[PDB]
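This document opens with one chain alone, in structure tokens, the form deposited without the ligand.
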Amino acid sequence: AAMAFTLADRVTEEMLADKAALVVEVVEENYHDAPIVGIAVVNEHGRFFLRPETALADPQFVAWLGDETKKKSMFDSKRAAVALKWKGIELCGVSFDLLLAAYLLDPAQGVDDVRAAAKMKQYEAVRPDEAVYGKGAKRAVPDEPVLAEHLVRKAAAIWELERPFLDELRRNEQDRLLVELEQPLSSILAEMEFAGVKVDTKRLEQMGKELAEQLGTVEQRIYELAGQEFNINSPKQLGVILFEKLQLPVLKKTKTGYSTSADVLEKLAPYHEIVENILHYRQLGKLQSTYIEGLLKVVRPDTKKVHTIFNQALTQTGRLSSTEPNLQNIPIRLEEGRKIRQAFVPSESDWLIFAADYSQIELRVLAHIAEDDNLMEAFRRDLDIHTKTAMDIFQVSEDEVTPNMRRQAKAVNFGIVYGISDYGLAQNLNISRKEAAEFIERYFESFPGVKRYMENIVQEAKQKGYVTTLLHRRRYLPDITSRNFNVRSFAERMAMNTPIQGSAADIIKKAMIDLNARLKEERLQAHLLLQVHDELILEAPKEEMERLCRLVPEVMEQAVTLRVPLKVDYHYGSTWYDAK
């Protein structure tokens, strides 16, 4: 039974009411400089569909869009906001975003369209986007009658679902999390994505050139050591040359066939000169394929800029994800990949890259939530946490902790974070489980408060059905009651870890909001470019560096008040590579 609506030929005053559900449809997944396919407005006066060419050319409609006092409820308003920024139009007054409300209520649902969110409340009078647009190749905008009905039905759902969603968010004590955190953050992310990051493609093209040289050299060497040419990129052909032709030991297998996993080849290293070349070849290869060739594909030729899209409603912990390209995983660990960061430059002459990062925010958050005296005292002293952990679990003085001891205490801290899995520890430390488990027990002896928190949180997750973060983000853990050891075990590790990774996500999001408010009050030209989980990257005139050196760390450190201090380090330079 079709839904009633006016298929408008011109904008009317009726369509410019004080409150409305608004749909500004951008069908391309990547909404940067993309077409707006149609518009729908549902308010107390009715339902309307507007062709974009006419409404976006109407001064009253554009003014209504930018009027902060004209409240709009939408689904993924960041997508619309950015598609409109590319058209020189400002979107304001978005007081409710259904995608974000759904995400906060339950991130595991995987809500990615209005139909998915509506189903959460037994509302199914709207179709899934995939159903009307199709998938991949066959994707396509349908004819106006079909298109117009779909947009109006989506707008009507938002109009109807706003109250029940806000009601549940309030019961969950998540209303402010939505209104004061995620929604204001959405607008900040829109500015970042729209601004983009400048790329020195000539540099990138020079690197790919040398990398192509190296690659070819290591690849030929590998054919020598193997005695024949094969597809090094095929773990299949790889596994046969290593474990059959060269008879290397099988220390590990995969579902079917052999495992050429990274650390397996690490173990194999000692036996053959070919293993080191395959690992090096894999390193240069990832650099070439993903970070030179892949990057170059998404750079806009007109501006030499790259515009990521931050998925704000995907992760189970409250973290953001980044795509097309992923700017949260640019190489930094090994020096050869790190050089890729030389290609990321300021978008204006005489401007520089400024990067600030939290120092151990997770362990600091853990010290705070577990209220572990030893852990809190360690951060209050701003101690090297890995040396301090080594001192404690190995029972030696700072003087006697050796590099191998620190590396292992560091391994327990890296693991500790993510629910401290001893099976995974043992593999990381390449030790037996009984030994890994021994490390863990010595940790809990030294950090009793952390032990108690892990126990208490697992009990809570069981009792309530979910765990929450500092700012009330929530994660349901149905598997924590499983009678299957493994399944139940993972959920218990999520119960321990989510409040840690999730609260750190909360903290840095609030810092971003606080920072932009300060940057504006100061009328600084400096602005955010990226966020990579525990660090913020900006660019600004070289003349603003000194003010930034003082402003950025302070805002980040003061975003929330914990039982221990928050510490932020920062650097700046002429390329991302130099902001170190």
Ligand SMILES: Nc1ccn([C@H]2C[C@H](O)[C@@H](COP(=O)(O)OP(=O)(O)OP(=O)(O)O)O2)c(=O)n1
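We call the rigid core whatever largest set of C-alpha positions still superposes within 1.5 Å between the two forms. For every residue, the number given is its place in the sequence shown, counted from 1.
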property: Larger mean CA deviation from the shown form in 8 other deposited structures of this protein [core fit; 263-271 vs 449-457]; result: 263-271
property: Which of 226-234 and 248-256 lies farther from this form in 8 other deposited structures of this protein, as RMS of C-alpha positions after a rigid core fit; result: 248-256
property: Mean temperature factor over C-alpha atoms, higher-scoring stretch between 437-445 and 100-108; result: 437-445
property: 345-353 versus 139-147 - greater average Cα B-factor per the deposited record; result: 139-147
property: Member of 168, 90, 384, 205 with the greatest C-alpha B factor (per the PDB record); result: 205
property: From 192, 84, 429, 126, residue of greatest CA B-factor; result: 429
property: Assigned third (lowest, middle, highest) for the C-alpha B factor of residue 53; result: highest
property: Ranked against its chain, the third holding the CA B-factor of residue 424; result: highest
property: Ranked C-alpha temperature factor of residue 22 among modelled chain residues, by third; result: lowest
property: Residue 76 CA temperature factor, ranked by third within the chain; result: lowest
property: Chain thirds of CA B-factor: placement of residue 561; result: middle
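The following text describes the form deposited with the ligand bound, which does not appear among the structures shown.
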{"query": "4.5 Å heavy atom contact, residue 330 and the ligand in the deposited complex", "finding": "no"}
{"query": "4.5 Å heavy atom contact, residue 176 to the ligand in the deposited complex", "finding": "yes"}
{"query": "4.5 Å heavy atom contact, residue 472 to the ligand in the deposited complex", "finding": "yes"}
{"query": "Residue 170, heavy atom within 4.5 angstroms of the ligand in the deposited complex", "finding": "yes"}
{"query": "Region of this chain that lies against the ligand in the deposited complex, out of 145-153, 397-405, 337-345, 464-472 [heavy atom, 4.5 Å]", "finding": "464-472"}
